[PDB]
>>> print(open('data-v9.csv').read())   # CSV, C-alpha atoms
chain,number,residue,atom,x,y,z
E,1,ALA,CA,-47.6,-16.2,-10.0
E,2,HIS,CA,-45.5,-17.6,-12.8
E,3,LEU,CA,-42.3,-17.5,-10.7
E,4,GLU,CA,-43.7,-19.2,-7.7
E,5,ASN,CA,-44.6,-21.9,-10.2
E,6,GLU,CA,-41.1,-22.2,-11.7
E,7,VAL,CA,-39.9,-22.5,-8.1
E,8,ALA,CA,-42.3,-25.3,-7.4
E,9,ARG,CA,-40.8,-27.0,-10.5
E,10,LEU,CA,-37.1,-26.7,-9.3
E,11,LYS,CA,-37.9,-28.3,-6.0
E,12,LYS,CA,-39.3,-31.0,-8.3
S,1,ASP,CA,-33.4,-34.4,-18.2
S,2,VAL,CA,-34.7,-31.6,-20.5
S,3,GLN,CA,-33.3,-30.4,-23.8
S,4,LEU,CA,-33.6,-27.3,-25.9
S,5,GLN,CA,-32.7,-27.3,-29.6
S,6,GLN,CA,-32.4,-24.1,-31.5
S,7,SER,CA,-32.8,-23.9,-35.3
S,8,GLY,CA,-34.6,-21.7,-37.8
S,9,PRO,CA,-32.9,-19.7,-40.7
S,10,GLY,CA,-31.8,-16.9,-38.4
S,11,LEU,CA,-31.2,-14.7,-41.4
S,12,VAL,CA,-28.7,-11.7,-41.6
S,13,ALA,CA,-29.1,-8.6,-43.8
S,14,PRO,CA,-29.7,-5.2,-42.2
S,15,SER,CA,-33.2,-3.7,-42.2
S,16,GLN,CA,-34.5,-7.3,-42.2
S,17,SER,CA,-34.9,-9.6,-39.2
S,18,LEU,CA,-33.9,-12.6,-37.2
S,19,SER,CA,-36.0,-15.7,-36.7
S,20,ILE,CA,-35.2,-18.5,-34.3
S,21,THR,CA,-37.1,-21.7,-33.3
S,22,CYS,CA,-36.6,-23.5,-30.0
S,23,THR,CA,-37.9,-27.0,-29.6
S,24,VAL,CA,-38.2,-28.2,-25.9
S,25,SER,CA,-38.2,-31.7,-24.5
S,26,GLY,CA,-38.9,-33.0,-21.0
S,27,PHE,CA,-41.8,-30.6,-20.3
S,28,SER,CA,-44.9,-28.9,-21.8
S,29,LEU,CA,-45.1,-25.3,-22.8
S,30,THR,CA,-48.6,-25.3,-21.3
S,31,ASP,CA,-47.1,-25.5,-17.8
S,32,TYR,CA,-43.9,-23.5,-17.8
S,33,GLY,CA,-42.3,-20.5,-19.5
S,34,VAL,CA,-39.4,-20.0,-21.8
S,35,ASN,CA,-36.9,-17.1,-21.8
S,36,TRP,CA,-34.8,-15.6,-24.6
S,37,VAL,CA,-31.3,-14.1,-24.0
S,38,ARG,CA,-28.4,-12.8,-26.0
S,39,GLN,CA,-24.7,-12.1,-25.4
S,40,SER,CA,-22.6,-9.8,-27.6
S,41,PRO,CA,-18.7,-10.3,-27.6
S,42,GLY,CA,-17.0,-8.7,-24.6
S,43,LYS,CA,-20.4,-7.6,-23.3
S,44,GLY,CA,-22.6,-9.1,-20.7
S,45,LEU,CA,-25.9,-11.0,-21.0
S,46,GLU,CA,-29.2,-9.3,-21.6
S,47,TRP,CA,-32.6,-10.6,-21.1
S,48,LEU,CA,-34.8,-10.2,-24.2
S,49,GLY,CA,-38.1,-11.8,-23.1
S,50,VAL,CA,-40.2,-14.6,-21.7
S,51,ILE,CA,-43.4,-16.4,-22.7
S,52,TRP,CA,-45.3,-18.1,-19.9
S,53,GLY,CA,-47.4,-21.2,-20.0
S,54,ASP,CA,-50.7,-19.4,-20.2
S,55,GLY,CA,-49.4,-17.4,-23.2
S,56,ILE,CA,-48.7,-14.1,-21.4
S,57,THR,CA,-45.5,-12.4,-22.6
S,58,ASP,CA,-43.0,-10.1,-21.0
S,59,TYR,CA,-40.5,-8.1,-22.9
S,60,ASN,CA,-37.3,-6.1,-22.5
S,61,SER,CA,-38.7,-2.6,-22.1
S,62,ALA,CA,-36.3,-1.1,-24.7
S,63,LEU,CA,-36.5,-3.8,-27.4
S,64,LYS,CA,-40.3,-4.4,-27.0
S,65,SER,CA,-41.3,-2.7,-30.3
S,66,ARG,CA,-38.9,-4.8,-32.4
S,67,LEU,CA,-39.5,-8.3,-31.2
S,68,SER,CA,-42.2,-11.0,-31.0
S,69,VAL,CA,-42.2,-14.2,-29.1
S,70,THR,CA,-44.9,-16.8,-29.9
S,71,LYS,CA,-45.3,-20.6,-29.3
S,72,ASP,CA,-47.1,-23.7,-30.5
S,73,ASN,CA,-48.0,-25.7,-27.4
S,74,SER,CA,-48.7,-28.9,-29.3
S,75,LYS,CA,-45.4,-28.9,-31.2
S,76,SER,CA,-43.4,-27.9,-28.1
S,77,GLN,CA,-41.9,-24.9,-30.0
S,78,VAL,CA,-41.2,-21.3,-29.2
S,79,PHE,CA,-40.4,-18.7,-31.8
S,80,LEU,CA,-38.4,-15.5,-31.5
S,81,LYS,CA,-38.5,-12.8,-34.1
S,82,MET,CA,-36.6,-9.6,-33.9
S,83,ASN,CA,-36.9,-7.0,-36.6
S,84,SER,CA,-35.1,-3.8,-37.9
S,85,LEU,CA,-31.8,-5.4,-37.0
S,86,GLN,CA,-28.7,-3.3,-36.7
S,87,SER,CA,-25.0,-4.0,-36.2
S,88,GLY,CA,-25.5,-3.8,-32.5
S,89,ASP,CA,-27.8,-6.8,-32.7
S,90,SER,CA,-25.0,-9.1,-33.7
S,91,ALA,CA,-24.6,-11.6,-30.8
S,92,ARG,CA,-25.3,-15.1,-29.7
S,93,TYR,CA,-29.0,-15.9,-29.0
S,94,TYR,CA,-30.1,-18.4,-26.4
S,95,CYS,CA,-33.5,-19.9,-25.4
S,96,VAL,CA,-33.6,-20.9,-21.7
S,97,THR,CA,-36.0,-22.2,-19.0
S,98,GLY,CA,-37.9,-20.4,-16.3
S,99,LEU,CA,-35.1,-19.8,-13.9
S,100,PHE,CA,-32.3,-20.1,-16.4
S,101,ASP,CA,-31.6,-23.6,-15.3
S,102,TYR,CA,-31.5,-25.3,-18.7
S,103,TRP,CA,-29.9,-23.8,-21.8
S,104,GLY,CA,-30.1,-24.2,-25.6
S,105,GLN,CA,-26.9,-24.5,-27.7
S,106,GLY,CA,-27.3,-20.9,-28.9
S,107,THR,CA,-27.3,-19.3,-32.3
S,108,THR,CA,-24.8,-16.8,-33.6
S,109,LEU,CA,-26.1,-13.7,-35.5
S,110,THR,CA,-23.9,-11.5,-37.5
S,111,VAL,CA,-25.8,-8.5,-38.7
S,112,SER,CA,-24.9,-6.0,-41.5
H,5,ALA,CA,-36.3,3.2,-15.7
H,6,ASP,CA,-35.0,-0.2,-14.4
H,7,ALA,CA,-32.5,-1.4,-11.7
H,8,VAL,CA,-28.8,-2.1,-11.9
H,9,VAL,CA,-27.5,-5.4,-10.7
H,10,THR,CA,-24.0,-5.4,-9.3
H,11,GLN,CA,-21.5,-8.2,-8.9
H,12,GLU,CA,-17.8,-8.2,-8.0
H,13,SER,CA,-15.6,-8.2,-11.1
H,14,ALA,CA,-13.1,-10.8,-9.9
H,15,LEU,CA,-12.7,-13.3,-7.1
H,16,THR,CA,-10.0,-15.9,-6.4
H,17,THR,CA,-9.9,-19.1,-4.4
H,18,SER,CA,-8.2,-22.5,-4.2
H,19,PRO,CA,-9.4,-26.2,-4.1
H,20,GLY,CA,-11.1,-27.2,-0.9
H,21,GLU,CA,-11.7,-23.5,0.1
H,22,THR,CA,-15.0,-21.8,0.5
H,23,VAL,CA,-16.1,-18.7,-1.4
H,24,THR,CA,-19.1,-16.4,-1.6
H,25,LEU,CA,-20.3,-14.6,-4.7
H,26,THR,CA,-22.7,-11.7,-4.1
H,27,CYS,CA,-25.4,-9.8,-6.0
H,28,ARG,CA,-26.6,-6.2,-5.2
H,29,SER,CA,-29.8,-4.5,-6.4
H,30,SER,CA,-30.0,-0.7,-7.0
H,31,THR,CA,-33.6,-0.6,-5.7
H,32,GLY,CA,-32.6,-1.6,-2.2
H,33,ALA,CA,-32.3,-4.9,-0.4
H,34,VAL,CA,-32.7,-8.0,-2.5
H,35,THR,CA,-35.7,-10.1,-1.6
H,36,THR,CA,-37.4,-13.4,-2.2
H,37,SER,CA,-39.6,-11.7,-4.8
H,38,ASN,CA,-36.5,-11.0,-6.9
H,39,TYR,CA,-36.2,-14.8,-7.3
H,40,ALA,CA,-32.3,-14.5,-7.4
H,41,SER,CA,-30.8,-17.0,-9.9
H,42,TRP,CA,-27.3,-17.9,-10.9
H,43,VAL,CA,-25.7,-19.2,-14.1
H,44,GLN,CA,-22.2,-20.4,-14.8
H,45,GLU,CA,-20.4,-19.5,-18.1
H,46,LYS,CA,-17.4,-21.8,-18.8
H,47,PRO,CA,-15.0,-21.3,-21.7
H,48,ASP,CA,-16.7,-22.0,-25.1
H,49,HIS,CA,-19.8,-20.1,-23.9
H,50,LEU,CA,-21.0,-23.2,-22.1
H,51,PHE,CA,-23.9,-22.1,-20.0
H,52,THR,CA,-25.4,-24.0,-17.1
H,53,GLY,CA,-27.9,-22.9,-14.4
H,54,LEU,CA,-26.8,-23.4,-10.8
H,55,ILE,CA,-29.3,-21.7,-8.5
H,56,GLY,CA,-32.8,-20.6,-9.2
H,57,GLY,CA,-35.2,-18.6,-7.0
H,58,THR,CA,-32.7,-17.7,-4.2
H,59,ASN,CA,-31.8,-21.2,-2.9
H,60,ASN,CA,-32.8,-24.0,-5.2
H,61,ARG,CA,-30.3,-26.2,-7.0
H,62,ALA,CA,-31.1,-26.8,-10.6
H,63,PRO,CA,-31.3,-30.6,-10.7
H,64,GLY,CA,-28.0,-32.2,-11.6
H,65,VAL,CA,-26.1,-29.4,-9.9
H,66,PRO,CA,-23.4,-30.4,-7.4
H,67,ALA,CA,-24.5,-29.8,-3.7
H,68,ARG,CA,-21.4,-27.7,-3.0
H,69,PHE,CA,-23.3,-24.9,-4.6
H,70,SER,CA,-25.7,-23.1,-2.3
H,71,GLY,CA,-27.5,-19.8,-2.4
H,72,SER,CA,-29.3,-17.5,0.1
H,73,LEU,CA,-29.8,-13.9,1.0
H,74,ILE,CA,-27.3,-12.0,3.2
H,75,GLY,CA,-27.3,-8.4,4.2
H,76,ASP,CA,-29.4,-6.9,1.5
H,77,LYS,CA,-27.8,-9.0,-1.2
H,78,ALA,CA,-28.2,-12.4,-2.9
H,79,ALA,CA,-25.4,-14.9,-2.4
H,80,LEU,CA,-24.0,-18.0,-4.0
H,81,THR,CA,-21.6,-20.0,-1.9
H,82,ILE,CA,-19.3,-22.8,-3.0
H,83,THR,CA,-18.3,-24.9,0.0
H,84,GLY,CA,-15.1,-26.7,-1.0
H,85,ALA,CA,-14.3,-25.4,-4.5
H,86,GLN,CA,-12.8,-27.6,-7.1
H,87,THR,CA,-10.6,-26.8,-10.2
H,88,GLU,CA,-13.5,-27.1,-12.7
H,89,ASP,CA,-15.4,-24.4,-10.8
H,90,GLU,CA,-13.3,-21.7,-12.5
H,91,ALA,CA,-15.6,-19.7,-14.6
H,92,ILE,CA,-17.7,-16.5,-14.9
H,93,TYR,CA,-20.7,-16.3,-12.7
H,94,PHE,CA,-23.9,-14.3,-13.6
H,95,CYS,CA,-26.6,-13.4,-11.2
H,96,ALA,CA,-30.2,-12.4,-12.4
H,97,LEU,CA,-32.9,-10.6,-10.5
H,98,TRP,CA,-36.7,-10.3,-11.3
H,99,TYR,CA,-38.5,-7.0,-11.1
H,100,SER,CA,-42.3,-7.8,-11.4
H,101,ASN,CA,-42.3,-8.2,-15.2
H,102,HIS,CA,-38.6,-8.6,-16.3
H,103,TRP,CA,-35.1,-9.9,-15.4
H,104,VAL,CA,-31.9,-8.0,-15.1
H,105,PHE,CA,-28.5,-9.7,-15.3
H,106,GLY,CA,-25.5,-8.6,-13.2
H,107,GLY,CA,-22.2,-7.9,-15.0
H,108,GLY,CA,-20.7,-11.3,-14.0
H,109,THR,CA,-17.9,-12.3,-11.7
H,110,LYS,CA,-14.8,-14.1,-13.0
H,111,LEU,CA,-13.8,-16.7,-10.5
H,112,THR,CA,-10.2,-18.1,-10.4
H,113,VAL,CA,-9.4,-21.4,-8.6
H,114,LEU,CA,-5.6,-21.4,-8.2
>>> encode(input="data-v9.csv", output="structure tokens")
Amino acid sequence: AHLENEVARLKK
Amino acid sequence: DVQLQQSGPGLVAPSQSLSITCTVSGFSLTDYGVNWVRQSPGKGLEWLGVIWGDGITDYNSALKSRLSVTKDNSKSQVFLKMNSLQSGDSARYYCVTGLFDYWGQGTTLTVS
Amino acid sequence: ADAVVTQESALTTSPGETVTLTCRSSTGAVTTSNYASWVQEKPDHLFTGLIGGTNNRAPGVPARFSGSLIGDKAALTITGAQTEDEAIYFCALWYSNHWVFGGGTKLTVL
């Protein structure tokens, strides 16, 4: 998913 | 640090449209998505749309027919076009990151 | 059609105190799939993202800001407010193919 990917980004 | 710079003529005049360009830095459009949002005076924020890394697009169900969001992955740009503008479209337009973490300086649009 | 996102209109606190801003969804309990996010609007329409995806701090964001889910709602908590933290707080939920913003909560730090 696109979101689970943005989340992975925030955690760095 | 990532930065988002808004530009483009914007325009004005009713019946015509708005055109905004958002240049990003600090990350590639191939990996993550960019959102578009606007806020009209006294009123709250409203999501307009997002364009993901893989090119897929999601729009605000009630404005869908009047807007188009495209991007050039190589130039790190994202374009927003909204047509058939009306007084109610007057507002401040912002381009933002995937979870609204980073913001662009915004662009003011006065229609009519 | 789509859901309504509800936030308290106003909240007030004081330096060093703790406060909790909430976010309700008209479709039922808020969940991790709603990827709750929070942005702060300061005078001059200065926007900054605080929390993204329920409990992740947008890099550069002071650690006093935390987020989580409590009793069917999303929550942003400021542990030990400061005077600069006075602003309007917006919550945003995701519904499979779109975001919906709450009406915002004006926070006063006396």
>>> interface_residues(input="data-v9.csv", of="chain E", to="chain S", cutoff="9 Å", atoms="all atoms listed in the file", output="PyMOL selection string")
chain E and resi 2-3+5-7+9-10
>>> closest_residue(input="data-v9.csv", among="H:41, H:60, H:70, H:109", to="residue 8 (chain E)", atoms="all atoms listed in the file")
H:60
>>> interface_residues(input="data-v9.csv", of="chain H", to="chain E", cutoff="9 Å", atoms="only C-alpha atoms", output="ChimeraX atom specification")
/H:37,39,56-57,60-63
>>> interface_residues(input="data-v9.csv", of="chain S", to="chain H", cutoff="7 Å", atoms="all atoms listed in the file", output="PyMOL selection string")
chain S and resi 44-47+58-60+99-103
>>> atom_distance(input="data-v9.csv", atom1="CA of residue 75 (chain H)", atom2="CA of residue 34 (chain H)")
8.6 Å
>>> closest_residue(input="data-v9.csv", among="H:7, H:33, H:95, H:90", to="residue 111 (chain H)", atoms="only C-alpha atoms")
H:90
>>> residues_around(input="data-v9.csv", residues="residue 84 (chain S)", least_positions_apart="2", cutoff="10 Å", atoms="all atoms listed in the file", output="ChimeraX atom specification")
/S:13-18,65-67,82,86,89
>>> atom_distance(input="data-v9.csv", atom1="CA of residue 26 (chain S)", atom2="CA of residue 82 (chain H)")
28.5 Å
>>> residues_around(input="data-v9.csv", residues="residue 18 (chain H)", least_positions_apart="4", cutoff="10 Å", atoms="all atoms listed in the file", output="ChimeraX atom specification")
/H:22-23,84-87,89-90,112-114
>>> atom_distance(input="data-v9.csv", atom1="CA of residue 76 (chain S)", atom2="CA of residue 2 (chain S)")
12.1 Å
>>> closest_residue(input="data-v9.csv", among="H:29, H:68, H:91, H:97", to="residue 16 (chain H)", atoms="all atoms listed in the file")
H:91
>>> build_atoms(input="data-v9.csv", residues="region 8-21 of chain H", atoms="N, CA and C atoms", output="PDB file, keeping the file's coordinate frame")
ATOM      1  N   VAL H   8     -30.148  -1.639 -11.581  1.00  0.00           N
ATOM      2  CA  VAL H   8     -28.800  -2.100 -11.900  1.00  0.00           C
ATOM      3  C   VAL H   8     -28.454  -3.200 -10.962  1.00  0.00           C
ATOM      4  N   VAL H   9     -27.927  -4.298 -11.494  1.00  0.00           N
ATOM      5  CA  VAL H   9     -27.500  -5.400 -10.700  1.00  0.00           C
ATOM      6  C   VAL H   9     -26.015  -5.473 -10.630  1.00  0.00           C
ATOM      7  N   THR H  10     -25.443  -5.422  -9.431  1.00  0.00           N
ATOM      8  CA  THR H  10     -24.000  -5.400  -9.300  1.00  0.00           C
ATOM      9  C   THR H  10     -23.310  -6.595  -8.667  1.00  0.00           C
ATOM     10  N   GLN H  11     -22.268  -7.087  -9.334  1.00  0.00           N
ATOM     11  CA  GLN H  11     -21.500  -8.200  -8.900  1.00  0.00           C
ATOM     12  C   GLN H  11     -19.994  -7.819  -8.824  1.00  0.00           C
ATOM     13  N   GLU H  12     -19.186  -8.511  -8.019  1.00  0.00           N
ATOM     14  CA  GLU H  12     -17.800  -8.200  -8.000  1.00  0.00           C
ATOM     15  C   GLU H  12     -17.186  -8.591  -9.322  1.00  0.00           C
ATOM     16  N   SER H  13     -16.159  -7.881  -9.767  1.00  0.00           N
ATOM     17  CA  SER H  13     -15.600  -8.200 -11.100  1.00  0.00           C
ATOM     18  C   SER H  13     -14.798  -9.484 -11.014  1.00  0.00           C
ATOM     19  N   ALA H  14     -13.899  -9.594 -10.043  1.00  0.00           N
ATOM     20  CA  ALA H  14     -13.100 -10.800  -9.900  1.00  0.00           C
ATOM     21  C   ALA H  14     -12.975 -11.301  -8.488  1.00  0.00           C
ATOM     22  N   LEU H  15     -12.846 -12.616  -8.372  1.00  0.00           N
ATOM     23  CA  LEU H  15     -12.700 -13.300  -7.100  1.00  0.00           C
ATOM     24  C   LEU H  15     -11.745 -14.455  -7.336  1.00  0.00           C
ATOM     25  N   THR H  16     -10.977 -14.815  -6.309  1.00  0.00           N
ATOM     26  CA  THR H  16     -10.000 -15.900  -6.400  1.00  0.00           C
ATOM     27  C   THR H  16     -10.053 -16.847  -5.228  1.00  0.00           C
ATOM     28  N   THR H  17      -9.889 -18.137  -5.485  1.00  0.00           N
ATOM     29  CA  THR H  17      -9.900 -19.100  -4.400  1.00  0.00           C
ATOM     30  C   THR H  17      -8.980 -20.276  -4.747  1.00  0.00           C
ATOM     31  N   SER H  18      -9.040 -21.322  -3.936  1.00  0.00           N
ATOM     32  CA  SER H  18      -8.200 -22.500  -4.200  1.00  0.00           C
ATOM     33  C   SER H  18      -9.032 -23.751  -3.777  1.00  0.00           C
ATOM     34  N   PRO H  19      -8.680 -24.898  -4.363  1.00  0.00           N
ATOM     35  CA  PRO H  19      -9.400 -26.200  -4.100  1.00  0.00           C
ATOM     36  C   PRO H  19      -9.605 -26.408  -2.600  1.00  0.00           C
ATOM     37  N   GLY H  20     -10.799 -26.879  -2.268  1.00  0.00           N
ATOM     38  CA  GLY H  20     -11.100 -27.200  -0.900  1.00  0.00           C
ATOM     39  C   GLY H  20     -11.546 -25.943  -0.080  1.00  0.00           C
ATOM     40  N   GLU H  21     -11.279 -24.744  -0.592  1.00  0.00           N
ATOM     41  CA  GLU H  21     -11.700 -23.500   0.100  1.00  0.00           C
ATOM     42  C   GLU H  21     -13.141 -23.201  -0.118  1.00  0.00           C
TER      43      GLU H  21
END
